[PDB]
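*Asks:* Got a structure here, written out as structure tokens. Questions coming.
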Amino acid sequence: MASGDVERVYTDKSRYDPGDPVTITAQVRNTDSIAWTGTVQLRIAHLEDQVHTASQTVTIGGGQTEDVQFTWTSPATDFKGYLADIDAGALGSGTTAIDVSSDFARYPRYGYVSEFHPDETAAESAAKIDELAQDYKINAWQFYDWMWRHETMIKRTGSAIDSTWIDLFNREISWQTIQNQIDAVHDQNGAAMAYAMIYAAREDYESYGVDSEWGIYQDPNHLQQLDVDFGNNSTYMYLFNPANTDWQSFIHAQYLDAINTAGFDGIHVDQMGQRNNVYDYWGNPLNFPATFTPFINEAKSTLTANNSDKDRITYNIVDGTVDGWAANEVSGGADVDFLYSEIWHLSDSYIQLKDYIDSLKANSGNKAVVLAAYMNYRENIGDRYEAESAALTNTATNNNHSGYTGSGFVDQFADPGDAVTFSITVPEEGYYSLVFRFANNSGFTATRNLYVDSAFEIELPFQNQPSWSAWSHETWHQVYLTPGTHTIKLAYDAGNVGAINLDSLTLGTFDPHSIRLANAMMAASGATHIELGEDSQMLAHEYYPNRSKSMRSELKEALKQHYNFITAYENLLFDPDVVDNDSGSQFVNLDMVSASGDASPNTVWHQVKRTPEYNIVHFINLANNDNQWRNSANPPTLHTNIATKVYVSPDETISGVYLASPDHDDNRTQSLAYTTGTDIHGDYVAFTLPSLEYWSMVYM
Ligand SMILES: OC[C@H]1O[C@H](OC[C@H]2O[C@H](OC[C@H]3O[C@H](OC[C@H]4O[C@H](OC[C@H]5O[C@H](OC[C@H]6O[C@H](OC[C@H]7O[C@H](O)[C@H](O)[C@@H](O)[C@@H]7O)[C@H](O)[C@@H](O)[C@@H]6O)[C@H](O)[C@@H](O)[C@@H]5O)[C@H](O)[C@@H](O)[C@@H]4O)[C@H](O)[C@@H](O)[C@@H]3O)[C@H](O)[C@@H](O)[C@@H]2O)[C@H](O)[C@@H](O)[C@@H]1O
Ligand SMILES: OC[C@H]1O[C@H](OC[C@H]2O[C@H](OC[C@H]3O[C@H](O)[C@H](O)[C@@H](O)[C@@H]3O)[C@H](O)[C@@H](O)[C@@H]2O)[C@H](O)[C@@H](O)[C@@H]1O
Ligand SMILES: [Ca+2]
Ligand SMILES: [Ca+2]
Ligand code: NA
């Protein structure tokens with residue numbers, strides 16, 4: 001009676017230079033009561049070939065987990081993905097990708113850091129960076145809102161760097177915490193990108209060395225500078241002209257200060273997106289999107305000059321779509337290391353998004369593409385607990401304003417001593433996003449004290465709404481919980497203010513079905529997705545700190561598989577010589593399973609691609625779902641034993657048919673029995689796909 005499982009498999013770096021040693025670690029647990037002794041096998045593949053094998057015998061104590069390590073000298077050829085497979089027999093097996101790349105910008109897998117707390121220890125910094133690297137092969141990190149001011153990024157008193165500073169949303173940021181994270185990025189061979197704006201400065205900028213003449217204005221008479229109003233009569237961003245060389249000088253020196261003082265590898269340059277009828281200080285009207293490429297290219301050569309090992313840069317093409325505002329300009333002319341675009345509502349369907357990605361590749365000579373595409377945005381999804389069915393304390397149920405869910409809500413929630421108290425029951429250990437749906441027409445922000453299992457947690461704000469029947473679910477707070485039952489109590493306490501009605505509490509939950517389909521479509525079209533950060537947090541909103549949704553562990557497990565898959569098969573997905581095969585949907589036939597070539601809803605979408613060495617067919621299962629990438633989705637209709645025919649040239653050479661999927665068998669390639677044939681439609685290759693859930697790739 002011998003038993004156990006392989007819990008985790010990871011490498012010591014997210015990215016290796018050719019010829020670097022790779023340490024591959026299997027975290028193996030003996031679940032038996034007595035110590036196990038046996039052989040642990042390592043098998044490393046590159047696509048369909050087995051390129052290395054290794055063995056060791058190892059003794060693991062009963063109830064213990066032990067790190068089983070192998071070492072491997074990466075082959076000397078650059079830009080190669082590999083799959084490492086550890087097999088411990090009765091104690092299970094596990095895989096991880098190895099990425100050999102001298103330049104991460106060829107295969108960016110971009111995460112984020114948004115938390116810089118003085119109380120973050122260096123263990124905590126390291127652990128969050130290590131988790132993203134080990135689990136999802138993250139090789140670059142966008143540091144969001146690390147800076148003090150948009151124009152004065154590091155806060156100094158004299159020539160001393162202050163220890164902490166307060167950012168635009170009143171968050172305390174530590175310099176040491178930023179540094180420790182940057183260091184930990186660098187121990188993973190990761191690149192640390194420093195968030196910055198192309199053209200923003202904070203209020204009172206004239207006293208920080210920034211001339212108002214450099215600005216951009218809504219009129220010809222410099223009356224009204226373009227700005228972002230944060231709604232408190234002091235906190236503003238003011239905008240400037242990216243073509244102004246005096247502004248370029250000022251802000252490019254900030255970028256350099258950031259590289260040289262903090263150790264950042266480059267700059268993640270952001271912008272607000274489309275602006276019209278923009279003038280400079282003198283009333284000369286600007287072709288605004290044409291000002292970006294010159295700013296970026298000048299920023300790039302200034303970086304390279306400063307430090308050519310830390311000259312990285314990207315620019316956010318906001319509101320991405322084919323021929324979108326600034327899109328052709330940047331992709332076509334800007335010297336960014338990889339392309340980045342935040343997708344809003346002009347590429348809502350899978351096919352529109354595919355076409356946008358294809359266009360970026362075609363303008364750019366196939367630069368890598370990273371998409372910011374905030375999944376399940378605004379949807380109040382998860383387990384719901386209606387407030388009317390909660391335990392009430394000097395509060396009551398009612399239903400005299402519409403917009404509630406269930407049968408009613410709680411009101412008479414306006415006095416110290418009042419409280420609502422939910423009994424939630426959760427399936428597993430981890431983060432839960434407490435999302436409150438509520439009404440407040442008090443004229444101003446109300447507050448309530450949240451308690452969790454009787455202990456105080458935090459004061460929550462509840463913004464004011466136009467009426468008592470306009471509801472909001474913008475009040476959230478994330479908490480970590482053990483499995484089972486827990487007490488979540490909103491309470492009116494002395495020092496809290498306003499009044500509210502409480503519809504419900506939802507445990508904000510990212511939907512795996514939609515997220516696996518989006519990631520599959522993106523990789524299959526040659527793009528990756530910025531979505532993971534911190535300690536397996538996921539972006540819910542464009543303000544990266546927003547924790548209104550949490551991932552459950554099935555989603556974490558599936559993203560681990562997916563990110564490893566797109567690393568191990570990076571050569572069939574992201575190399576510049578990976579191209580759509582001509583023609584369309586008449587190349588591929590699935591017998592008795594409705595199918596499309598164009599991401600038609602409720603179909604198995606097949607997409608044919610080619611390298612000089614390989615023919616690639618992607619199968620993405622949209623059965624039981626629509627053609628929109630963002631919104632939560634149903635579990636796809638599972639398919640089994642699908643008789644497939646792929647039509648080929650007579651020209652084409654074929655000595656095997658190979659199958660890999662992030663949904664099955666730990667990303668391992670499987671060799672499929674096939675036949676060649678000829679019918680009226682042309683020459684074909686015929687095989688059976690054992691199954692199709694979210695995404696499967698065949699190559700030959
Ligand atoms: O999480 C940090 C907070 O933690 C504590 O409080 C937790 C509570 O936070 C909120 O409530 C307090 C909040 O209330 C009001 O704001 C509501 C609003 O807050 C958040 O969003 C803020 C804004 O985010 C963006 O703008 C900031 C962004 O602007 C520039 O960047 C431009 C962006 O646009 C491009 O398209 C880019 O691609 C993109 O990447 C860019 O971000 C700038 O360069 C950046 O530096 C800057 O960060 C967005 O544009 C705005 O629309 C947002 O308003 C929430 O995420 C959002 O859902 C919500 O609507 C109030 O006005 C504000 O002052 C207060 O901070 C939550 O609502 C609440 O649930 C939670 O309990 C702590 O107490 C806080 O101090 C801390 O902030
Ligand atoms: O039993 C209570 C204990 O459990 C949790 O630990 C899980 C979590 O803890 C660490 O991270 C702390 C903190 O790091 C950053 O600041 C992140 O941005 C935050 O999301 C995060 O909470 C650890 O390093 C993580 O790997 C791990 O996921 C609680 O969160 C603990 O505070 C608590 O003591
Ligand atoms: Ca309700
Ligand atoms: Ca959908
Ligand atoms: Na069919």
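Residues are named by chain letter and number: chains run A, B, ... in the order of the structure tokens, numbers start at 1 in each chain, and ligands are numbered from 1 in the order shown.
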Do you know which residues are at most 9 Å from residue 562 of chain A counting only C-alpha atoms, after dropping those on the same chain fewer than 3 positions away, and could you put them as a tab-separated table (two decimals) with C-alpha atoms, in the first residue's frame?
*Replies:*
```tsv
chain	number	residue	atom	x	y	z
A	136	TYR	CA	2.49	30.52	-14.40
A	516	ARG	CA	-9.94	29.45	-20.18
A	519	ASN	CA	-6.74	32.65	-22.89
A	520	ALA	CA	-7.05	29.83	-25.48
A	557	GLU	CA	-5.04	24.89	-11.45
A	558	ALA	CA	-6.31	25.46	-14.97
A	559	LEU	CA	-4.31	28.71	-15.40
A	565	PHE	CA	1.20	24.99	-22.07
A	566	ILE	CA	1.86	28.29	-23.76
A	567	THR	CA	5.46	28.14	-22.54
A	661	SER	CA	-4.03	20.24	-24.59
A	662	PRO	CA	-4.02	22.33	-21.45
A	663	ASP	CA	-7.16	20.43	-20.42
A	667	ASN	CA	0.25	19.24	-21.28
```
*Asks:* Neighbouring residues of ligand 2 are defined here as those with any atom at most 12 Å from a ligand atom, counting only C-alpha atoms and all ligand atoms; list them as a VMD selection string.
*Replies:* chain A and resid 112 to 132 135 173 to 174 177 to 178 181 429 to 433 477 to 483 532 to 538 544 to 547 550 to 551
*Asks:* Pick out each residue of segment 178-270 of chain A that DSSP on the backbone tags as strand (DSSP E); I need them as a VMD selection string.
*Replies:* chain A and resid 191 to 197 200 to 202 216 to 217 227 to 229 236 to 239 266 to 270
*Asks:* Would you mind listing the residues within 8 Å of ligand 3, counting only C-alpha atoms and all ligand atoms, as a PDB file with N, CA and C atoms, in the first residue's frame?
*Replies:*
```pdb
ATOM      1  N   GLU A 386     -28.686  36.558   0.080  1.00  0.00           N
ATOM      2  CA  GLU A 386     -29.608  37.710   0.147  1.00  0.00           C
ATOM      3  C   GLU A 386     -29.699  38.211   1.574  1.00  0.00           C
ATOM      4  N   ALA A 387     -29.831  39.527   1.706  1.00  0.00           N
ATOM      5  CA  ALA A 387     -29.716  40.221   3.001  1.00  0.00           C
ATOM      6  C   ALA A 387     -31.005  40.055   3.830  1.00  0.00           C
ATOM      7  N   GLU A 388     -32.152  40.197   3.158  1.00  0.00           N
ATOM      8  CA  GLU A 388     -33.446  39.807   3.733  1.00  0.00           C
ATOM      9  C   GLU A 388     -33.473  38.436   4.468  1.00  0.00           C
ATOM     10  N   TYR A 404     -33.752  45.522  -6.075  1.00  0.00           N
ATOM     11  CA  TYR A 404     -33.282  44.374  -5.286  1.00  0.00           C
ATOM     12  C   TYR A 404     -33.287  43.038  -6.067  1.00  0.00           C
ATOM     13  N   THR A 405     -32.643  42.031  -5.487  1.00  0.00           N
ATOM     14  CA  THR A 405     -32.681  40.647  -5.982  1.00  0.00           C
ATOM     15  C   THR A 405     -33.246  39.814  -4.858  1.00  0.00           C
ATOM     16  N   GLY A 406     -33.735  38.614  -5.193  1.00  0.00           N
ATOM     17  CA  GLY A 406     -34.550  37.817  -4.270  1.00  0.00           C
ATOM     18  C   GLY A 406     -35.909  38.483  -4.016  1.00  0.00           C
ATOM     19  N   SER A 407     -36.428  38.312  -2.794  1.00  0.00           N
ATOM     20  CA  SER A 407     -37.759  38.843  -2.385  1.00  0.00           C
ATOM     21  C   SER A 407     -37.751  40.273  -1.781  1.00  0.00           C
ATOM     22  N   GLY A 408     -36.576  40.768  -1.384  1.00  0.00           N
ATOM     23  CA  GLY A 408     -36.463  42.120  -0.819  1.00  0.00           C
ATOM     24  C   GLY A 408     -35.064  42.568  -0.416  1.00  0.00           C
ATOM     25  N   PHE A 409     -34.962  43.279   0.701  1.00  0.00           N
ATOM     26  CA  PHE A 409     -33.681  43.759   1.183  1.00  0.00           C
ATOM     27  C   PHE A 409     -33.751  44.097   2.650  1.00  0.00           C
ATOM     28  N   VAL A 410     -32.679  44.652   3.213  1.00  0.00           N
ATOM     29  CA  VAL A 410     -32.686  45.197   4.568  1.00  0.00           C
ATOM     30  C   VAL A 410     -32.683  46.723   4.539  1.00  0.00           C
ATOM     31  N   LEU A 502     -29.319  47.192   2.182  1.00  0.00           N
ATOM     32  CA  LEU A 502     -28.419  46.162   1.755  1.00  0.00           C
ATOM     33  C   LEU A 502     -29.205  45.090   1.009  1.00  0.00           C
ATOM     34  N   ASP A 503     -29.007  44.991  -0.309  1.00  0.00           N
ATOM     35  CA  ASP A 503     -29.605  43.921  -1.107  1.00  0.00           C
ATOM     36  C   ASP A 503     -29.028  42.577  -0.699  1.00  0.00           C
ATOM     37  N   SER A 504     -27.713  42.437  -0.814  1.00  0.00           N
ATOM     38  CA  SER A 504     -27.050  41.109  -0.804  1.00  0.00           C
ATOM     39  C   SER A 504     -25.557  41.250  -0.638  1.00  0.00           C
TER      40      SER A 504
END
```
*Asks:* Counting only C-alpha atoms, which of A:57, A:609, A:93, A:392 gets nearest to residue 6 of chain A?
*Replies:*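 Of A:57, A:609, A:93, A:392, the one nearest residue 6 of chain A is A:93, counting only C-alpha atoms.
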*Asks:* What are the closest atom pairs, with distances in Å to one decimal, for each residue of segment 246-338 of chain A lying within 8 Å of segment 353-376 of chain A, using only C-alpha atoms, rows by chain and rising residue number, as a Markdown table?
*Replies:*
```
| residue | atom | partner | partner_atom | distance |
| --- | --- | --- | --- | --- |
| A:320 | CA | A:356 | CA | 7.3 |
| A:321 | CA | A:356 | CA | 5.2 |
| A:322 | CA | A:356 | CA | 4.6 |
| A:327 | CA | A:360 | CA | 7.7 |
| A:328 | CA | A:363 | CA | 6.8 |
| A:331 | CA | A:364 | CA | 5.2 |
| A:332 | CA | A:363 | CA | 4.7 |
| A:333 | CA | A:364 | CA | 7.7 |
| A:337 | CA | A:367 | CA | 7.5 |
| A:338 | CA | A:368 | CA | 5.0 |
```
*Asks:* Set the cut-off to 6 Å, count only C-alpha atoms and all ligand atoms, and list whatever residues fall near ligand 5 as a PDB file with N, CA, C and O atoms, in the first residue's frame.
*Replies:*
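For reference, pocket_35.pdb as written:
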```
ATOM      1  N   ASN A 589     -12.771  19.317 -41.070  1.00  0.00           N
ATOM      2  CA  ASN A 589     -14.082  18.722 -40.979  1.00  0.00           C
ATOM      3  C   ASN A 589     -14.150  17.870 -39.710  1.00  0.00           C
ATOM      4  O   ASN A 589     -13.296  17.006 -39.470  1.00  0.00           O
ATOM      5  N   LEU A 590     -15.151  18.151 -38.884  1.00  0.00           N
ATOM      6  CA  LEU A 590     -15.448  17.352 -37.703  1.00  0.00           C
ATOM      7  C   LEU A 590     -16.768  16.676 -37.987  1.00  0.00           C
ATOM      8  O   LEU A 590     -17.799  17.341 -38.176  1.00  0.00           O
ATOM      9  N   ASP A 591     -16.726  15.356 -38.047  1.00  0.00           N
ATOM     10  CA  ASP A 591     -17.893  14.571 -38.353  1.00  0.00           C
ATOM     11  C   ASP A 591     -18.849  14.595 -37.159  1.00  0.00           C
ATOM     12  O   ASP A 591     -18.486  14.140 -36.066  1.00  0.00           O
ATOM     13  N   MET A 592     -20.048  15.152 -37.374  1.00  0.00           N
ATOM     14  CA  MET A 592     -21.181  15.099 -36.413  1.00  0.00           C
ATOM     15  C   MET A 592     -21.008  15.969 -35.149  1.00  0.00           C
ATOM     16  O   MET A 592     -21.639  15.718 -34.101  1.00  0.00           O
ATOM     17  N   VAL A 593     -20.187  17.019 -35.285  1.00  0.00           N
ATOM     18  CA  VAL A 593     -19.969  18.050 -34.261  1.00  0.00           C
ATOM     19  C   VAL A 593     -19.957  19.372 -35.001  1.00  0.00           C
ATOM     20  O   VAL A 593     -19.047  19.603 -35.788  1.00  0.00           O
ATOM     21  N   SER A 594     -20.943  20.237 -34.778  1.00  0.00           N
ATOM     22  CA  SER A 594     -20.976  21.493 -35.520  1.00  0.00           C
ATOM     23  C   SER A 594     -19.741  22.364 -35.193  1.00  0.00           C
ATOM     24  O   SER A 594     -19.267  22.452 -34.040  1.00  0.00           O
ATOM     25  N   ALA A 595     -19.233  22.971 -36.256  1.00  0.00           N
ATOM     26  CA  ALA A 595     -17.914  23.508 -36.308  1.00  0.00           C
ATOM     27  C   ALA A 595     -17.899  24.771 -37.141  1.00  0.00           C
ATOM     28  O   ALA A 595     -18.772  24.986 -37.970  1.00  0.00           O
TER      29      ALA A 595
END
```
*Asks:* Show me a table, sorted first by chain and then by increasing residue number, of the residues of chain A having an atom at most 9 Å from ligand 4, each with its shortest atom pair and the distance in Å to one decimal, counting only C-alpha atoms and all ligand atoms and written as CSV.
*Replies:*
```
residue,atom,partner,partner_atom_place_in_ligand_line,distance
A:349,CA,ligand 4,1 (Ca),8.2
A:350,CA,ligand 4,1 (Ca),8.6
A:513,CA,ligand 4,1 (Ca),8.7
A:514,CA,ligand 4,1 (Ca),6.1
A:517,CA,ligand 4,1 (Ca),8.1
A:518,CA,ligand 4,1 (Ca),8.5
A:601,CA,ligand 4,1 (Ca),8.4
A:622,CA,ligand 4,1 (Ca),8.1
A:625,CA,ligand 4,1 (Ca),5.5
A:626,CA,ligand 4,1 (Ca),4.7
A:627,CA,ligand 4,1 (Ca),5.4
A:628,CA,ligand 4,1 (Ca),4.2
A:629,CA,ligand 4,1 (Ca),5.0
A:630,CA,ligand 4,1 (Ca),6.3
A:631,CA,ligand 4,1 (Ca),5.3
A:632,CA,ligand 4,1 (Ca),6.3
A:633,CA,ligand 4,1 (Ca),5.2
A:634,CA,ligand 4,1 (Ca),8.2
```
*Asks:* Could you please take those selected residues and save N, CA and C atoms as a tab-separated table (two decimals), in the first residue's frame?
*Replies:*
```tsv
chain	number	residue	atom	x	y	z
A	349	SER	N	-16.07	40.43	-29.88
A	349	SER	CA	-16.19	39.02	-30.22
A	349	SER	C	-14.80	38.40	-30.38
A	350	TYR	N	-14.71	37.09	-30.27
A	350	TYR	CA	-13.45	36.37	-30.52
A	350	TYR	C	-12.88	36.74	-31.89
A	513	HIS	N	-14.72	29.27	-16.91
A	513	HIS	CA	-15.11	28.82	-18.24
A	513	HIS	C	-14.70	29.90	-19.26
A	514	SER	N	-15.10	31.14	-18.96
A	514	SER	CA	-14.81	32.29	-19.81
A	514	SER	C	-13.31	32.57	-19.90
A	517	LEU	N	-11.38	29.97	-22.10
A	517	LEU	CA	-11.68	30.21	-23.50
A	517	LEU	C	-10.97	31.47	-24.01
A	518	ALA	N	-10.97	32.53	-23.22
A	518	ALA	CA	-10.29	33.76	-23.69
A	518	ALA	C	-8.78	33.53	-23.86
A	601	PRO	N	-20.56	31.27	-32.71
A	601	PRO	CA	-21.02	30.82	-31.41
A	601	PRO	C	-21.63	29.44	-31.45
A	622	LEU	N	-16.49	26.33	-28.47
A	622	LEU	CA	-17.50	27.30	-28.11
A	622	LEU	C	-18.89	26.68	-28.00
A	625	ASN	N	-21.74	28.12	-25.67
A	625	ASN	CA	-21.35	29.50	-25.43
A	625	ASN	C	-21.39	30.36	-26.71
A	626	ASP	N	-21.37	31.67	-26.46
A	626	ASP	CA	-21.46	32.64	-27.55
A	626	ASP	C	-20.05	33.07	-28.07
A	627	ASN	N	-20.00	34.17	-28.81
A	627	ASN	CA	-18.80	34.61	-29.51
A	627	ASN	C	-18.10	35.80	-28.80
A	628	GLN	N	-18.50	36.13	-27.56
A	628	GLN	CA	-17.99	37.27	-26.79
A	628	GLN	C	-16.96	36.83	-25.74
A	629	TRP	N	-15.80	37.45	-25.73
A	629	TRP	CA	-14.66	36.90	-24.97
A	629	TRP	C	-14.71	37.22	-23.44
A	630	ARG	N	-15.41	38.27	-23.05
A	630	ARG	CA	-15.19	38.87	-21.74
A	630	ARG	C	-16.06	38.27	-20.64
A	631	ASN	N	-17.26	37.88	-21.03
A	631	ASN	CA	-18.36	37.69	-20.11
A	631	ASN	C	-18.40	36.27	-19.60
A	632	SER	N	-18.91	36.04	-18.38
A	632	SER	CA	-18.90	34.67	-17.85
A	632	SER	C	-19.66	33.78	-18.81
A	633	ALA	N	-19.31	32.51	-18.73
A	633	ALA	CA	-19.70	31.52	-19.69
A	633	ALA	C	-20.13	30.22	-18.99
A	634	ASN	N	-20.83	29.39	-19.75
A	634	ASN	CA	-21.26	28.08	-19.29
A	634	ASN	C	-20.08	27.13	-19.42
```
*Asks:* Using only C-alpha atoms and all ligand atoms, pick whichever of A:249, A:485, A:234, A:306 has the shortest atom-to-atom distance to ligand 1.
*Replies:*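 Smallest distance to ligand 1 is found for A:234.
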*Asks:* Taking only C-alpha atoms into account, which of A:85, A:20, A:348, A:474 comes nearest residue 540 of chain A?
*Replies:*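 Residue with the minimum atom-to-atom distance to residue 540 of chain A: A:474.
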